[PDB]
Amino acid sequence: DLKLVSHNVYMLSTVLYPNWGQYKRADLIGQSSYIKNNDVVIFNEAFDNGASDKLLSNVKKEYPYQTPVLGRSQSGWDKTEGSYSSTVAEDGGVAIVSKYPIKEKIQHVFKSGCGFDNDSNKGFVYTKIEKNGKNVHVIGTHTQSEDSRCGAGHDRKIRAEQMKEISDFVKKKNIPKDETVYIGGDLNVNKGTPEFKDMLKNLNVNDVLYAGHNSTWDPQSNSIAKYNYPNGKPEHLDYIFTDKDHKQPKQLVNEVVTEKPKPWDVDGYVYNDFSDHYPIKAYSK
């Protein structure tokens, strides 16, 4: 019975990719309508330490209980699993915020990664919030992205391993069957593909009724996505799910939100989207 949101906020490092309006957008996102009146919010690609700190404190009031950013540090977590390392260029970009008390937070970094994700601390963020005396479990993640310069179909095989680490993590956790375990973020798997079928079984997850927009990364309507690759071919990559072997919500749906801000400026060039990805809402109906 949660109202979630998962946005890939597209906060690339302002040191290595200085001109994407990370700080501006952190404000836009904070002043937006979709981040508001939810229970839990999962951010993705909040890599830049500065802008992500602003994003988090723009949200601090409505969602007081927050975790660090996955991969960032080893301090501030109840537990740190996986292949964490302090010799890597970037973190994992994943952070979870909440209206309700967080009574546990583990971070887990994936063993496998190729291309740019190889020099990151990408993995998932387990969370155990407590709403109204009841325990709810929320996992935010962000798997291997399509890297044109790494292996052949290795990105696909790596995602398989990663999603496997998540499902293995949940079974080893002995979480009561009467408690729901959400699993969201940018899974980098286009909806309704042979790989999408594999993803459901690897994540140990049921499918969801979809609402709104049938695209998550859409170069036809997104100013930033249009800029990146105007060539097109919209994809659907953001999901929130629930473990099939745990307490299942009535009618869980992912809704793709297309809300936009007043056009902003980045060195003369104008755009109007909180990120190159659209946020997704989740709720039972």
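Note that residue numbering begins at 1 and tracks the sequence as displayed.
Asker: Do the CA atoms of 225-233 or those of 238-246 have the higher mean B-factor in the entry?
Answerer: Between 238-246 and 225-233, it is 225-233 that shows the higher mean C-alpha B-factor.
Asker: Between 258-266 and 20-28, which has the larger average Cα B-factor in the PDB entry?
Answerer: Per the PDB record, 258-266.
Asker: Per the coordinate record, which of the options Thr180, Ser73, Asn204, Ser98 holds the highest CA temperature factor?
Answerer: Among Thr180, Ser73, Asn204, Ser98, the highest C-alpha B-factor in the entry belongs to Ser73.
Asker: Among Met199, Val125, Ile175, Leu209, where is the Cα temperature factor highest, going by the PDB entry?
Answerer: Reading the PDB entry, the winner on C-alpha B-factor is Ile175.
Asker: Select lowest, middle or highest to describe the third in which the CA B-factor of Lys164 falls within its chain in this entry.
Answerer: Its C-alpha B-factor, which the entry lists for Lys164, ranks in the lowest third among residues of this chain.
Asker: Split into thirds by Cα B-factor across the chain's modelled residues, where does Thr67 land: lowest, middle or highest?
Answerer: Within its chain, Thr67 is a middle-third residue by C-alpha B-factor, going by the deposited values.
Asker: Among the modelled residues of this chain, does the Cα B factor of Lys134 put it in the lowest, middle or highest third?
Answerer: Its C-alpha B-factor, which the entry lists for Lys134, ranks in the highest third among residues of this chain.
Asker: With respect to C-alpha B-factor, does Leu187 fall in the lowest, middle or highest third of the chain as deposited?
Answerer: For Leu187, whose C-alpha B-factor we compare with every modelled residue in the chain, the answer is the lowest third.
Asker: What third of the chain does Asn44 rank in for C-alpha temperature factor, lowest, middle or highest?
Answerer: Lowest third, going by the recorded CA B-factors of the chain.
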